[PDB]
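First up is the structure itself, then whatever we jot down about it.
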Amino acid sequence: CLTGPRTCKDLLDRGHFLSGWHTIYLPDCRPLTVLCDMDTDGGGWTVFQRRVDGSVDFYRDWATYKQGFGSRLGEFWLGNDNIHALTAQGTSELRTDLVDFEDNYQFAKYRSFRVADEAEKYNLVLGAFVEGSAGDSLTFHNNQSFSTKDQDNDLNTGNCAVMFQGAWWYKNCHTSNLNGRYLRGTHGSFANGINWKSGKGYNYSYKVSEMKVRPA
Ligand SMILES: CC(=O)N[C@@H]1[C@@H](O)[C@H](O)[C@@H](CO)O[C@H]1O
Ligand SMILES: [Ca+2]
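Note that the sequence shown covers residues -14 to 201 in the numbering used here.
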């Protein structure tokens, strides 16, 4: 690197006009292949989580969220080292794109988004809600560790992850649960869906969810 591309924004600027898997060089100069959203909100986004059809188990242990899981063809989670590697110098706006089972689109936009290395538990450190029709359902979670069903760092007696069946920056427990189960719309189970509270509440699992970052 030094010669190559360092962000999706960079690849947009080089005239990569369609979304897809391209290879950016991280700050450590290691190469990572990522999904570039070249479209939404003027494009240039590096997509780090994607749900879209129910095909992948997001109910995953710590190691599995450390490395990343899923498929390039479908849903995935880029992995918590990669995510940290991504947002750990400079600063990255965060966007969250949601789409329901009727194609009513919603988003939410934050001015900075960054996350701790494994040691500091991949602690979330989020800036300021900018806008978006889904409302703020991410600030609540600011300054929290990341947990999973086999690694509890939550401020609730029990296991937020085990009870709401996800992986997240879980306090007591959440307002957002984008890694929860794919429950395809209305659900009677309580909050263990792909949920964004201000978005569509604790009983409705979105059809698409995307979380992405561009350099501000
Ligand atoms: C990046 C990609 O291919 N996925 C798209 C993306 O442009 C967008 O985030 C979302 C609505 O914004 O719809 C997704 O399916
Ligand atoms: Ca706990």
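For each residue, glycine too, the CB sits at the ideal point set by N, CA and C.
Reduced DSSP category for residue i - H, G, I as helix; E, B as strand; rest coil
i	result
residue 86	coil
residue 183	helix
residue 203	Given a span of -14 to 201 for the chain in the structure shown, any question on residue 203 remains unanswerable.
residue 152	strand
residue 129	coil
residue 193	strand
residue 124	helix
residue 41	coil
With 16 other Cβ atoms within 10 Å as the buried cut-off, status of residue i
i	result
residue 98	buried
residue 90	exposed
residue 123	buried
residue 56	exposed
residue 71	buried
residue -10	buried
residue 36	buried
Closer than 7 Å: residue i CB and nearest ligand 3 heavy atom
i	result
residue 78	For the structure depicted, ligand 3 is absent and the ligand set comprises only ligand 1 and ligand 2.
Residue range of the unbroken alpha helix (DSSP H) whose run includes residue i
i	result
residue -6	-7 to -2
residue 50	47 to 52
Heavy atom of ligand 1 within 7 Å of residue i beta-carbon
i	result
residue 56	no
residue 4	yes
residue 84	yes
residue 20	yes
residue 198	no
residue 37	yes
residue 49	no
Any non-hydrogen atom of ligand 2 within 7 Å of residue i CB
i	result
residue 137	yes
residue 151	no
residue 133	no
residue 141	yes
residue 89	no
residue 177	no
Boundaries (first-last residue) of the beta strand (DSSP E) holding residue i
i	result
residue 22	16 to 22
residue 71	Residue 71 -> not in any beta strand (DSSP E); alpha helix (DSSP H) instead, spanning 65 to 72.
residue 36	30 to 36
residue 8	5 to 10
residue 116	114 to 116
(request) Flag this pair as touching only if the region 64 to 84 and the region 45 to 55 have three or more C-beta atom pairs under 8 Å; answer yes or no. (result) yes
(request) Tell me, please, whether the region 169 to 186 touches the region 130 to 146 by the rule of three or more beta-carbon pairs shorter than 8 Å. (result) No, they do not touch.
(request) Count the CB pairs spanning the region 78 to 88 and the region 184 to 191 that are closer than 8 Å, and state whether there are at least three. (result) By the Cβ criterion, the region 78 to 88 is in contact with the region 184 to 191, since at least three pairs of Cβ atoms, one from each stretch, lie closer than 8 Å.
(message) Whether or not the region -6 to 2 and the region 18 to 30 are in contact is what I'm after, with contact meaning three or more pairs of Cβ atoms, one per stretch, closer than 8 Å; do they touch?
(response) yes
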